[PDB]
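Take a look at the structure set out below.
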Amino acid sequence: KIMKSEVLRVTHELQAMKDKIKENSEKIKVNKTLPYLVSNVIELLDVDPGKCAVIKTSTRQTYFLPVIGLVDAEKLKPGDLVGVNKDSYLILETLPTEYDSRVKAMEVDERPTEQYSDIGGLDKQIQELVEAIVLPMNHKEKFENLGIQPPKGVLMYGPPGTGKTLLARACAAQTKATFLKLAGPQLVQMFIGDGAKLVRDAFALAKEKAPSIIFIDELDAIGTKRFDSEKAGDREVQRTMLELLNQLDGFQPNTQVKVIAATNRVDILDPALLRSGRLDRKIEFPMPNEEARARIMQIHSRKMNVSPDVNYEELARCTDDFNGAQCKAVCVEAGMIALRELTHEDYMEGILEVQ
Amino acid sequence: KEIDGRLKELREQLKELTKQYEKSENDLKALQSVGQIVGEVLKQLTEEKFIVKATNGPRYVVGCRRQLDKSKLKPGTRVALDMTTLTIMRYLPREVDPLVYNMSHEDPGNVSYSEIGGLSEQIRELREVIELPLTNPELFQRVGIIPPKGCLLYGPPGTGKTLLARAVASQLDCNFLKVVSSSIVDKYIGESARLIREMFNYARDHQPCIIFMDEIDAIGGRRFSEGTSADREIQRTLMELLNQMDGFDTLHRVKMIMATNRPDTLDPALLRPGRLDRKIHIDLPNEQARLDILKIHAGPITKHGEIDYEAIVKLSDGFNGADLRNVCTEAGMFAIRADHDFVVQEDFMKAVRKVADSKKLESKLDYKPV
Amino acid sequence: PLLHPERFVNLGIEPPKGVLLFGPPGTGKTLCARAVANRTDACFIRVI
Ligand SMILES: Nc1ncnc2c1ncn2[C@@H]1O[C@H](COP(=O)(O)OP(=O)(O)OP(=O)(O)O)[C@@H](O)[C@H]1O
Ligand SMILES: Nc1ncnc2c1ncn2[C@@H]1O[C@H](COP(=O)(O)OP(=O)(O)O)[C@@H](O)[C@H]1O
Ligand SMILES: Nc1ncnc2c1ncn2[C@@H]1O[C@H](COP(=O)(O)OP(=O)(O)O)[C@@H](O)[C@H]1O
């Protein structure tokens with residue numbers, strides 16, 4: 001019949017078709033290899049009597065490239081930092097935007113290396129939040145097939161030194177995904193909308209980089225208990241608080257980028273963040289008991305081999321009302337004095353030094 | 001058949017494909033495409049002379065050559081110019097606030113507004129402020145009055161304001177503008193009130209626009225003593241907003257729905273009648289309303305007919321529907337524990353007491369109403 | 001640590017993580033200068 005004529009056209013019409021964009025792409029990719037004008041998209045949905053665009057150039061110019069001749073506006077959503085022709089004055093290609101100066105890299109660790117073994121004492125709580133955070137990362141498809149969207153907001157409250165920061169980074173390392181840390185106590189900015197702008201680009205950065213871990217510290221500092229006096233009514237910080245609120249539902253579909261909020265006293269929050277779709281998993285972080293404190297400092301001093309056969313039982317007796325941070329300070333205080341004490345007696349003075 | 005079926009493979013691979021030679025030409029067409037400079041015609045000098053401001057550079061004057069329909073061009077229209085061709089080669093309409101456009105045209109798939117209980121009074125308030133003015137202007141014509149402008153919602157942070165805003169947004173999904181009232185700040189001194197005028201002009205273009213913005217307290221304030229340059233930018237932004245919504249020229253068929261958490265710190269100039277026609281406080285959910293929300297949240301839950309909902313109502317008090325999906329959730333991974341297919345009433349009791357003990361800690365759960 | 005004779009093995013991994021040589025206006029930073037002279041060419045800079 002009629003194949004051999006059709007495909008001798010088709011395969012020829014396939015390869016020559018693709019070769020000319022290979023020529024063209026080059027002809028525009030060198031232009032895409034030389035863009036010079038930022039894309040302050042001031043869009044018009046100019047339906048041809050489809051779309052169109054206005055580009056505020058870097059040199060303070062504006063160029064109305066018709067119908068956006070190269071990039072679809074579905075991916076070319078407005079903003080800035082999207083390739084524009086230096087000669088053709090056309091949109092060239094999307095490229096990463098700017099992450100609000102501070103948010104570009106505030107304290108973002110690319111990959112944490114702390115392991116879950118070096119932390120402990122609250123193993124029931126750490127396993128609880130691993131099931132609520134780490135499992136929604138590795139076995140995310142299990143939740144997708146089950147039909148239950150995993151919760152995202154985990155609030156980890158407890159006195160300082162309970163290992164919240166290590167646990168959050170250890171969980172992020174286990175997920176093998178992006179980890180973003182927020183300096184909560186310093187989000188209160190005199191500039192208007194600055195903290196609101198910072199949190200936005202932090203969420204934007206987290207969305208653009210994998211299912212991330214948004215580790216916001218000092219949630220009590222971020223959100224007041226609404227105890228309103230004229231001394232301070234939490235007026236300008238209510239700005240940023242509801243901003244964090246409206247970005248908690250930004251990642252509801254596909255259930256990525258979890259929010260972990262660390263504080264000491266959960267009671268200093270109004271019933272805004274304690275929401276089921278918002279921060280819902282509140283996990284207690286108590287001071288470890290004598291057994292847990294002894295185990296924690298033993299794990300810390302595992303990399304130290306100076307004094308053999310130290311059961312740390314007297315240390316557990318003398319470690320009354322101490323944090324995991326205090327236990328680490330106690331053990332490394334031995335790590336500073338155990339030169340040339342030594343066994344079961346170079347540990348007490350660590351707490352005494354701080355006060 | 002070998003000469004038949006081997007054909008049916010090869011042309012399908014293309015069709016949508018092998019659509020490259022013209023894409024190549026189009027982008028080559030772009031390569032030698034002239035980029036025509038863009039300005040706004042301030043005023044028409046003569047019938048053939050038109051005073052046009054470049055968006056950045058100086059005002060030039062240009063002139064349509066033979067057929068560019070100089071009559072339809074108006075002071076403030078958008079035209080394309082070239083520093084070489086000396087004329088306007090074609091004309092172009094306007095803009096639509098793109099950043100605002102997508103974040104106001106990306107309303108997620110929500111449920112109907114009937115899926116939230118205890119706010120039927122608020123639902124009918126929304127109907128007689130949005131639907132009634134446009135469906136039946138003849139009755140109000142016999143009345144002889146203008147429809148009201150806007151309504152305010154305020155109360156505890158957990159009421160259903162976001163659900164109601166998303167539900168009304170999903171009702172239209174085409175002429176609904178969502179504003180978060182915080183992306184107004186930017187690096188430059190400009191583009192603060194320029195955007196605000198722009199979607200107001202967008203609201204002028206489309207009559208039945210429903211404008212929703214949240215946290216008026218994020219721009220409101222009471223009074224700035226020893227104001228900073230950032231504080232001073234609020235007050236001019238607030239003043240520009242006030243004189244563009246009430247001002248001298250009013251809007252038509254445009255209604256503003258706004259919500260916040262601190263009604264007392266709001267500026268008294270905005271909340272006076274004329275700008276905010278109605279003020280509505282969304283109170284604590286009722287005990288039977290909480291029962292309905294609990295049933296809604298426990299719809300797709302594997303459970304049998306032994307649940308003591310009345311016990312939950314008696315124990316759970318002062319808890320918004322937010323705390324109720326927590327209880328529904330907390331019963332969820334309690335059911336995950338020990339690997340139980342169904343959910344037992346004891347899991348709900350554990351959820352209720354755990355949430356109740358969670359809520360004990362926090363004080364000042366709600367601001368007093370004004 | 002600058003001599004690096006024992007930090008690696010006998011004592012835990014790394015030497016003590018820092019030094020806070022504080023004190024009322026007086027001997028402060030003179031011992032730092034003495035340690036700088038006693039050590040290698042990797043010598044301090046005085047920032048305020
Ligand atoms: N133990 C000391 N022996 C000899 N001279 C000393 C001693 N302590 C301080 N001085 C003298 O004090 C002066 C400044 O001392 P040093 O450099 O320690 O302090 P500094 O940097 O000026 O500040 P501060 O006094 O606040 O520590 C120098 O003239 C130094 O000779
Ligand atoms: N379970 C633990 N295991 C190991 N180290 C711990 C543990 N708990 C606390 N730490 C120590 O505490 C420090 C973290 O302090 P911080 O983050 O301020 O406390 P919190 O997270 O309770 O606010 C770490 O340097 C770590 O050495
Ligand atoms: N009246 C209600 N009916 C049903 N669900 C509610 C209600 N109030 C709150 N919720 C729950 O709270 C979440 C929505 O947050 P919402 O309270 O609307 O925020 P805001 O009060 O700031 O608008 C949803 O997960 C929803 O299940």
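Simple scheme: letters A, B, ... for chains in structure tokens order, numbers from 1 for residues in each chain, numbers from 1 for ligands in the order shown.
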
For ligand 1, list the contacting residues at 12 Å or closer, counting only C-alpha atoms and all ligand atoms, as a count of residues only. 17

Enumerate as an mmCIF file with C-alpha atoms, in the first residue's frame the residues within 6 Å of ligand 2, counting only C-alpha atoms and all ligand atoms.
```cif
data_model
loop_
_atom_site.group_PDB
_atom_site.id
_atom_site.type_symbol
_atom_site.label_atom_id
_atom_site.label_comp_id
_atom_site.auth_asym_id
_atom_site.auth_seq_id
_atom_site.Cartn_x
_atom_site.Cartn_y
_atom_site.Cartn_z
ATOM 1 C CA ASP A 118 24.094 10.584 68.900
ATOM 2 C CA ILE A 119 20.763 11.912 70.232
ATOM 3 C CA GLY A 120 18.420 10.143 72.601
ATOM 4 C CA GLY A 121 16.565 10.251 75.894
ATOM 5 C CA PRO A 159 13.410 23.865 77.846
ATOM 6 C CA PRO A 160 16.648 24.593 75.974
ATOM 7 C CA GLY A 161 19.208 21.830 75.696
ATOM 8 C CA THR A 162 16.718 19.063 74.867
ATOM 9 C CA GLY A 163 18.227 18.400 71.434
ATOM 10 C CA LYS A 164 15.543 19.971 69.251
ATOM 11 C CA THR A 165 18.083 21.455 66.831
ATOM 12 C CA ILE A 296 23.527 11.254 76.408
ATOM 13 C CA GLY A 324 21.439 17.583 77.072
ATOM 14 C CA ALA A 325 23.401 20.741 76.306
ATOM 15 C CA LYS A 328 27.514 17.896 76.609
#
```

What residues in chain B have any atom no more than 6 Å from chain A when counting only C-alpha atoms, and can you write them as a PyMOL selection string? chain B and resi 3+7+18+20-21+24+31+35+37+56+95-96+98-99+157+218+230+322+325-326+361-362+364-365

Around ligand 3, which protein and nucleic acid residues have at least one atom no more than 9 Å from it, if we count only C-alpha atoms and all ligand atoms? List them as a PDB file with C-alpha atoms, in the first residue's frame.
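Below is the file part-v4.pdb, written as the result:
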```pdb
ATOM      1  CA  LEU A 242      -0.344  35.678  59.917  1.00  0.00           C
ATOM      2  CA  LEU A 245      -0.093  31.336  58.665  1.00  0.00           C
ATOM      3  CA  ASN A 246      -1.020  31.825  54.991  1.00  0.00           C
ATOM      4  CA  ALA A 272      -3.660  30.508  65.695  1.00  0.00           C
ATOM      5  CA  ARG A 275      -4.281  24.430  64.065  1.00  0.00           C
ATOM      6  CA  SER A 276      -4.837  20.996  62.599  1.00  0.00           C
ATOM      7  CA  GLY A 277      -3.869  21.971  59.054  1.00  0.00           C
ATOM      8  CA  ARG A 278      -1.254  24.302  60.550  1.00  0.00           C
TER       9      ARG A 278
ATOM     10  CA  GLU B 115     -19.497  22.286  54.184  1.00  0.00           C
ATOM     11  CA  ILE B 116     -18.880  24.628  57.153  1.00  0.00           C
ATOM     12  CA  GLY B 117     -21.538  24.764  59.855  1.00  0.00           C
ATOM     13  CA  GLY B 118     -22.709  27.383  62.321  1.00  0.00           C
ATOM     14  CA  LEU B 119     -22.101  30.346  59.985  1.00  0.00           C
ATOM     15  CA  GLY B 155     -12.615  37.216  65.872  1.00  0.00           C
ATOM     16  CA  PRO B 156     -10.526  34.297  67.074  1.00  0.00           C
ATOM     17  CA  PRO B 157      -7.797  33.213  64.644  1.00  0.00           C
ATOM     18  CA  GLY B 158      -9.721  29.995  64.033  1.00  0.00           C
ATOM     19  CA  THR B 159     -13.168  30.687  62.599  1.00  0.00           C
ATOM     20  CA  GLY B 160     -13.335  29.626  58.953  1.00  0.00           C
ATOM     21  CA  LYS B 161     -12.449  32.964  57.378  1.00  0.00           C
ATOM     22  CA  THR B 162      -9.911  31.337  55.047  1.00  0.00           C
ATOM     23  CA  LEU B 163     -12.425  28.614  54.165  1.00  0.00           C
ATOM     24  CA  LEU B 164     -15.121  31.201  53.428  1.00  0.00           C
ATOM     25  CA  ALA B 165     -12.708  33.318  51.376  1.00  0.00           C
ATOM     26  CA  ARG B 166     -11.555  30.252  49.441  1.00  0.00           C
ATOM     27  CA  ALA B 259     -10.432  40.130  57.771  1.00  0.00           C
ATOM     28  CA  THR B 260      -7.986  40.627  60.633  1.00  0.00           C
ATOM     29  CA  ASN B 261      -7.299  39.647  64.249  1.00  0.00           C
ATOM     30  CA  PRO B 285     -18.355  27.837  67.228  1.00  0.00           C
ATOM     31  CA  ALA B 289     -21.962  23.631  65.395  1.00  0.00           C
ATOM     32  CA  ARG B 290     -18.846  21.929  66.768  1.00  0.00           C
ATOM     33  CA  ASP B 292     -21.537  19.275  62.883  1.00  0.00           C
ATOM     34  CA  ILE B 293     -17.906  20.191  62.176  1.00  0.00           C
ATOM     35  CA  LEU B 294     -16.759  17.054  64.007  1.00  0.00           C
ATOM     36  CA  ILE B 296     -17.804  16.689  58.737  1.00  0.00           C
ATOM     37  CA  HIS B 297     -14.204  16.031  59.767  1.00  0.00           C
ATOM     38  CA  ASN B 320     -12.651  25.864  66.989  1.00  0.00           C
ATOM     39  CA  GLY B 321     -13.087  23.464  64.088  1.00  0.00           C
ATOM     40  CA  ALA B 322      -9.298  23.629  63.902  1.00  0.00           C
ATOM     41  CA  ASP B 323      -8.991  21.686  67.156  1.00  0.00           C
ATOM     42  CA  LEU B 324     -11.571  19.222  65.831  1.00  0.00           C
ATOM     43  CA  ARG B 325      -9.516  17.862  62.941  1.00  0.00           C
TER      44      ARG B 325
END
```

Atomic distance atom CA of residue B:172 - atom CA of residue A:248, expressed in Å with one decimal: 24.1 Å

Quick one: distance from atom CA of residue B:369 to atom CA of residue B:355 in Å, one decimal?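 About the pair atom CA of residue B:369 and atom CA of residue B:355: they are 25.6 Å apart.
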
Straight-line distance linking atom CA of residue B:367 with atom CA of residue B:181, stated in Å to one decimal: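 Straight-line distance from atom CA of residue B:367 to atom CA of residue B:181 works out to 21.7 Å.
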
Just list the residues in chain C DSSP gives helix (DSSP H, G or I) on the backbone, as a list in words.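 Assigned to helix (DSSP H, G or I), within chain C: residues 30, 31, 32, 33, 34, 35, 36, 37 and 38 of chain C.
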
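All chain A residues having an atom within 7 Å of chain C, based on only C-alpha atoms, amount to residues 303, 304, 306, 335 and 336 of chain A.
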
Taking only C-alpha atoms into account, name the residue in B:33, B:358, B:201, B:67 that is nearest to residue B:250.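 Among the listed residues, the smallest separation from residue B:250 belongs to B:201.
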
Would you list, as a list in words, the residues of stretch 109-289 of chain B that end up in strand (DSSP E) under DSSP run on this structure's backbone? residues 150, 151, 152, 153, 154, 176, 177, 178, 179, 210, 211, 212, 213, 214, 255, 256, 257, 258, 259, 260, 278, 279, 280 and 281 of chain B

Would you mind listing what lies within 7 Å of residue B:331 as a count of residues only, with only C-alpha atoms counted and same-chain residues fewer than 5 positions away left out? 4
